[PDB]
Structure formats: C-alpha cells, structure tokens
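Below is one structure, written out as structure tokens; the observations come after it.
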Amino acid sequence: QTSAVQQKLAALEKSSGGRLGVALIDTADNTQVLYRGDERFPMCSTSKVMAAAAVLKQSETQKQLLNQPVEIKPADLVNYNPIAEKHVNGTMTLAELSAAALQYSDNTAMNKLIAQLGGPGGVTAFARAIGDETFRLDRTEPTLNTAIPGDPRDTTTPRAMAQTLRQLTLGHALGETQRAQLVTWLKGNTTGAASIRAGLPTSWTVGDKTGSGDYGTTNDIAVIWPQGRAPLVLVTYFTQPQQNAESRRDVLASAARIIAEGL
Ligand SMILES: Nc1c(-c2nnn[nH]2)cnn1-c1ccc(Cl)cc1Cl
Ligand SMILES: Nc1c(-c2nnn[nH]2)cnn1-c1ccc(Cl)cc1Cl
C-alpha cells in the first residue's frame, strides 16, 4: 500500500544527492512506512535519546539519581557545550545533563550520561534490554559523529529507531513517570523547527531530537501528536557522499511532508 509514498521519497532522495532513510509508525493501528528502513545510518546526536532514557531507567530504582551532582571540569568540554560550559569547575545534576543533552544538544552533557552508564557499551546494553538489537553506540562525543560511509560504529536503522522511540515515549520501556519526563524533554527541544516539524501541519505537536555530523549527516527522530488521531513516530536519517557536505534539514522536512500527505 505504501508504494506511492515510497516513490515520492525516492524522487526526493534522487534530487538530494544523498541517502535518505525513513520509518513511520502510526500508533492508531501500528501501520508503517519504510524507506531504506533496514539500512544503517550514523545516529549522531539522535543517540542522546538512548543515553537519557538509559539514565531514566536507572532512576526507576534510585529516587534521587536525577538530583545527583556530576562534576564538570575544564578538560570535559568538547566541541559544543552551551550549557556545560556555564558549570565548569562546578556541577550539573543528571536531570540537568539530560535536559541539556536533549534540548540543546550539549555534547559534554552527553558524555556525562555515557559515563554514568559505564561507557558507550552501557548505552548499547540498555538498547538490548528494551528489545533493540540494532542500535550500537561505540564512541563518545565528539568522535561518534564521524559518520564515515560504510562504518557500522554509532549507527542504527530507521526501523529499529522508530520502534525504540515508540516504546520509550508511548509504550512501557520506561516507568510512567520516566516516560512522561522523556516526553516533556523532547517536547521542549530547541533545535527542531527546521527538520521534521517544518514538514508537518503547524497545529500538530512534536517532540524530537535532531542530530548532525560529518558527511553532511542530518537526522531527526520525532514523536508527533496530530489533532484528531493517535500519535505517530517518525525517523528521518540523511547522509551524503562528501565528508564536508552541508546540513540538509530541508530534506528531512520534505520527507516528513511526503509522509503527512500520505496519511
Ligand atoms: N551541530 C551540532 C549538533 C546537532 N544537534 N542536532 N543537530 N546538530 C550537536 N552538536 N553540534 C555541533 C558540533 C560542533 C560545533 Cl562547532 C557546533 C555544533 Cl552546534
Ligand atoms: N502502511 C499502510 C497500510 C497498511 N495496511 N496494512 N498494512 N499496512 C495502509 N495504509 N498505509 C499507509 C500508512 C501511512 C502512510 Cl503515510 C501511507 C500508507 Cl499507504
């Protein structure tokens, strides 16, 4: 049934010069649209959702964990740290680090989440525990964004990430309070208005996490609450052949618009 939407996505991809991956889940009826749904893409900062969620899972057995202070030192600053740099020689709580990672895409904050989980493999272990056999986190910030074509490190597929995002935000992979906290954080994202959201009707409510990296990699993963129907989960991943390619958030908006016009 989805051949027409898939053909429109293929035409968009052809004009973009890059490689596009899309996965939709409509949670009213679990129907789906996939485009390169089982191909691997570099996650870049979209991986911050899995790290924050893994810390939320830890907080289910430690009521005070999100209030736990974490030291920020000058040597911890990496390549984009708009929140963490204000706290150097001080501390941020795990809640503050989660909010900074998710809503501002702070890369130092992501590294503190990764360290709280015991390294990149602790994020992967959480993914496995919630049923995601595809996600892999191999490196910290900033090197997880190298996005080299053919490199499996720090990748997932659109199908797997859409299913995981659904289970984290609308399903029961997290406890109820933790799920609500993750949704609140995503809905408060500051970085998403040019990506999936730009392709959807302005009245719809969106929570999302963007990512970008080398090879012009431009990504967005979103939960969408349209008016008058059950929520959708949409992943759009895009990567290009040249290491220094520019970001193409407009391609993600165009993919989202094709999806919305097919509903
Ligand atoms: N561009 C991004 C993202 C990002 N998140 N979502 N989409 N992109 C996260 N970190 N950075 C980044 C990296 C290096 C420099 Cl110098 C500046 C920035 Cl802002
Ligand atoms: N995926 C499906 C089915 C379907 N029926 N049985 N299994 N799947 C029917 N409609 N769609 C669909 C959903 C979203 C968009 Cl945008 C476009 C389409 Cl054509």
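Quick note on naming: the chains in the structure tokens go A, B, ... in the order shown, residues restart at 1 in each chain, and ligands are numbered from 1 in order of appearance.
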
What's the 7 Å shell around region 79-94 of chain A, counting only C-alpha atoms, without same-chain residues fewer than 6 positions away, as a PDB file with N, CA and C atoms, in the first residue's frame?
```
ATOM      1  N   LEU A  66      18.397  11.472  39.652  1.00  0.00           N
ATOM      2  CA  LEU A  66      18.357  12.633  38.775  1.00  0.00           C
ATOM      3  C   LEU A  66      18.825  13.902  39.470  1.00  0.00           C
ATOM      4  N   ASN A  67      18.858  13.923  40.798  1.00  0.00           N
ATOM      5  CA  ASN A  67      19.383  15.060  41.539  1.00  0.00           C
ATOM      6  C   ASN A  67      20.860  14.911  41.880  1.00  0.00           C
ATOM      7  N   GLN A  68      21.500  13.835  41.439  1.00  0.00           N
ATOM      8  CA  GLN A  68      22.891  13.583  41.796  1.00  0.00           C
ATOM      9  C   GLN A  68      23.813  14.533  41.038  1.00  0.00           C
ATOM     10  N   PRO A  69      24.712  15.227  41.720  1.00  0.00           N
ATOM     11  CA  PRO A  69      25.621  16.142  41.030  1.00  0.00           C
ATOM     12  C   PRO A  69      26.740  15.394  40.334  1.00  0.00           C
ATOM     13  N   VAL A  70      27.145  15.942  39.195  1.00  0.00           N
ATOM     14  CA  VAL A  70      28.252  15.425  38.405  1.00  0.00           C
ATOM     15  C   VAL A  70      29.212  16.582  38.172  1.00  0.00           C
ATOM     16  N   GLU A  71      30.488  16.375  38.490  1.00  0.00           N
ATOM     17  CA  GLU A  71      31.483  17.427  38.332  1.00  0.00           C
ATOM     18  C   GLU A  71      31.762  17.685  36.857  1.00  0.00           C
ATOM     19  N   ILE A  72      31.826  18.967  36.497  1.00  0.00           N
ATOM     20  CA  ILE A  72      32.233  19.408  35.168  1.00  0.00           C
ATOM     21  C   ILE A  72      33.580  20.096  35.317  1.00  0.00           C
ATOM     22  N   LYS A  73      34.586  19.587  34.632  1.00  0.00           N
ATOM     23  CA  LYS A  73      35.927  20.146  34.664  1.00  0.00           C
ATOM     24  C   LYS A  73      36.271  20.775  33.321  1.00  0.00           C
ATOM     25  N   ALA A 100      20.024  19.182  29.093  1.00  0.00           N
ATOM     26  CA  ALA A 100      20.964  19.885  28.225  1.00  0.00           C
ATOM     27  C   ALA A 100      21.284  19.066  26.979  1.00  0.00           C
ATOM     28  N   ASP A 106      23.788  19.478  23.895  1.00  0.00           N
ATOM     29  CA  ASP A 106      25.081  19.690  24.542  1.00  0.00           C
ATOM     30  C   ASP A 106      25.876  18.387  24.538  1.00  0.00           C
ATOM     31  N   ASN A 107      27.078  18.436  23.969  1.00  0.00           N
ATOM     32  CA  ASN A 107      27.875  17.230  23.782  1.00  0.00           C
ATOM     33  C   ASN A 107      28.638  16.820  25.036  1.00  0.00           C
ATOM     34  N   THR A 108      29.052  17.782  25.863  1.00  0.00           N
ATOM     35  CA  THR A 108      29.638  17.427  27.150  1.00  0.00           C
ATOM     36  C   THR A 108      28.609  16.725  28.026  1.00  0.00           C
ATOM     37  N   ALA A 109      27.369  17.224  28.013  1.00  0.00           N
ATOM     38  CA  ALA A 109      26.311  16.579  28.784  1.00  0.00           C
ATOM     39  C   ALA A 109      26.111  15.136  28.345  1.00  0.00           C
ATOM     40  N   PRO A 142      33.448  13.905  20.782  1.00  0.00           N
ATOM     41  CA  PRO A 142      32.777  14.187  19.508  1.00  0.00           C
ATOM     42  C   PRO A 142      32.936  13.117  18.436  1.00  0.00           C
TER      43      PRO A 142
END
```

| request: Mind the document's chain letters and residue numbers, and return as a PyMOL selection string the residues of region 154-220 of chain A that DSSP labels strand (DSSP E or B). | output: chain A and resi 155-156+205-213+217-220

Next, dump the selected residues to file, keeping only C-alpha atoms, as a tab-separated table (two decimals), in the first residue's frame.
```tsv
chain	number	residue	atom	x	y	z
A	155	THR	CA	24.69	3.54	13.77
A	156	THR	CA	21.17	2.18	13.75
A	205	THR	CA	2.51	18.90	18.48
A	206	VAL	CA	6.03	17.48	18.06
A	207	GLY	CA	8.77	16.30	20.38
A	208	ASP	CA	12.04	15.50	18.63
A	209	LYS	CA	15.79	15.06	18.82
A	210	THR	CA	17.96	16.27	15.93
A	211	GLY	CA	21.44	15.20	15.00
A	212	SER	CA	24.15	16.16	12.58
A	213	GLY	CA	27.70	15.22	11.84
A	217	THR	CA	24.66	13.84	8.08
A	218	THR	CA	21.33	15.39	9.06
A	219	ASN	CA	18.90	13.45	11.24
A	220	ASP	CA	15.73	13.85	13.27
```

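Using only C-alpha atoms and all ligand atoms, the shortest contact distance between ligand 1 and any of A:151, A:141, A:60, A:250 is found at A:141.
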
| said: Would you pick out the contacts of residue 55 (chain A) at 10 Å or less, using only C-alpha atoms, so that residues sharing its chain but fewer than 2 positions from it are not included, and give the list as number ranges by chain? | reply: A: 50-53, 57-60, 65-66, 94-95, 98, 113-114, 116-117, 123, 126, 178

Could you write those residues out with N, CA and C atoms, as a PDB file, in the first residue's frame?
```
ATOM      1  N   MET A  50      18.760   7.676  23.537  1.00  0.00           N
ATOM      2  CA  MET A  50      19.002   6.388  24.178  1.00  0.00           C
ATOM      3  C   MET A  50      19.777   6.553  25.474  1.00  0.00           C
ATOM      4  N   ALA A  51      20.744   7.467  25.501  1.00  0.00           N
ATOM      5  CA  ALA A  51      21.519   7.670  26.715  1.00  0.00           C
ATOM      6  C   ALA A  51      20.666   8.263  27.828  1.00  0.00           C
ATOM      7  N   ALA A  52      19.890   9.308  27.522  1.00  0.00           N
ATOM      8  CA  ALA A  52      18.994   9.882  28.522  1.00  0.00           C
ATOM      9  C   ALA A  52      17.989   8.856  29.012  1.00  0.00           C
ATOM     10  N   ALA A  53      17.432   8.061  28.097  1.00  0.00           N
ATOM     11  CA  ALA A  53      16.462   7.045  28.501  1.00  0.00           C
ATOM     12  C   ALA A  53      17.095   6.001  29.410  1.00  0.00           C
ATOM     13  N   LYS A  57      15.943   4.957  33.116  1.00  0.00           N
ATOM     14  CA  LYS A  57      15.705   3.598  33.594  1.00  0.00           C
ATOM     15  C   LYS A  57      16.424   3.346  34.918  1.00  0.00           C
ATOM     16  N   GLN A  58      17.677   3.803  35.039  1.00  0.00           N
ATOM     17  CA  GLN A  58      18.390   3.679  36.309  1.00  0.00           C
ATOM     18  C   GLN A  58      17.647   4.400  37.424  1.00  0.00           C
ATOM     19  N   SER A  59      17.027   5.543  37.113  1.00  0.00           N
ATOM     20  CA  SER A  59      16.350   6.325  38.139  1.00  0.00           C
ATOM     21  C   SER A  59      15.110   5.631  38.680  1.00  0.00           C
ATOM     22  N   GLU A  60      14.606   4.611  37.990  1.00  0.00           N
ATOM     23  CA  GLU A  60      13.437   3.899  38.495  1.00  0.00           C
ATOM     24  C   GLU A  60      13.725   3.165  39.794  1.00  0.00           C
ATOM     25  N   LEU A  65      18.474   9.795  41.958  1.00  0.00           N
ATOM     26  CA  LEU A  65      19.547   9.758  40.965  1.00  0.00           C
ATOM     27  C   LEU A  65      19.565  11.012  40.099  1.00  0.00           C
ATOM     28  N   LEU A  66      18.397  11.472  39.652  1.00  0.00           N
ATOM     29  CA  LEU A  66      18.357  12.633  38.775  1.00  0.00           C
ATOM     30  C   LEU A  66      18.825  13.902  39.470  1.00  0.00           C
ATOM     31  N   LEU A  94      22.169  14.964  37.082  1.00  0.00           N
ATOM     32  CA  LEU A  94      21.859  14.099  35.950  1.00  0.00           C
ATOM     33  C   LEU A  94      20.606  14.560  35.214  1.00  0.00           C
ATOM     34  N   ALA A  95      19.624  15.136  35.921  1.00  0.00           N
ATOM     35  CA  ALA A  95      18.485  15.739  35.233  1.00  0.00           C
ATOM     36  C   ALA A  95      18.932  16.906  34.358  1.00  0.00           C
ATOM     37  N   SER A  98      20.685  15.609  31.335  1.00  0.00           N
ATOM     38  CA  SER A  98      19.743  15.017  30.392  1.00  0.00           C
ATOM     39  C   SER A  98      19.014  16.097  29.611  1.00  0.00           C
ATOM     40  N   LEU A 113      26.342  11.532  30.532  1.00  0.00           N
ATOM     41  CA  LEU A 113      25.356  10.452  30.534  1.00  0.00           C
ATOM     42  C   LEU A 113      26.013   9.123  30.179  1.00  0.00           C
ATOM     43  N   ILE A 114      26.850   9.121  29.142  1.00  0.00           N
ATOM     44  CA  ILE A 114      27.549   7.899  28.751  1.00  0.00           C
ATOM     45  C   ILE A 114      28.393   7.368  29.906  1.00  0.00           C
ATOM     46  N   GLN A 116      27.940   7.843  33.102  1.00  0.00           N
ATOM     47  CA  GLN A 116      27.059   7.327  34.144  1.00  0.00           C
ATOM     48  C   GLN A 116      26.594   5.906  33.833  1.00  0.00           C
ATOM     49  N   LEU A 117      26.553   5.533  32.554  1.00  0.00           N
ATOM     50  CA  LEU A 117      26.154   4.201  32.123  1.00  0.00           C
ATOM     51  C   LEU A 117      27.337   3.260  31.928  1.00  0.00           C
ATOM     52  N   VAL A 123      25.185   2.101  27.029  1.00  0.00           N
ATOM     53  CA  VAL A 123      24.037   2.568  26.259  1.00  0.00           C
ATOM     54  C   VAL A 123      23.521   1.458  25.350  1.00  0.00           C
ATOM     55  N   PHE A 126      21.545  -1.083  27.346  1.00  0.00           N
ATOM     56  CA  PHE A 126      20.171  -0.651  27.594  1.00  0.00           C
ATOM     57  C   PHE A 126      19.300  -0.865  26.365  1.00  0.00           C
ATOM     58  N   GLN A 178       8.916   8.259  34.288  1.00  0.00           N
ATOM     59  CA  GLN A 178      10.092   8.429  33.444  1.00  0.00           C
ATOM     60  C   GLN A 178       9.706   8.671  31.989  1.00  0.00           C
TER      61      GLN A 178
END
```

| request: Show me which residues sit within 9 Å of ligand 2 when counting only C-alpha atoms and all ligand atoms, and put them as a PyMOL selection string. | output: chain A and resi 1-6+24-26+29-34+258-263

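DSSP annotation of region 172-263 of chain A from backbone atoms: helix (DSSP H, G or I) residues are residues 176, 177, 178, 179, 180, 181, 182, 183, 184, 185, 186, 187, 196, 197, 198, 199, 249, 250, 251, 252, 253, 254, 255, 256, 257, 258, 259, 260 and 261 of chain A.
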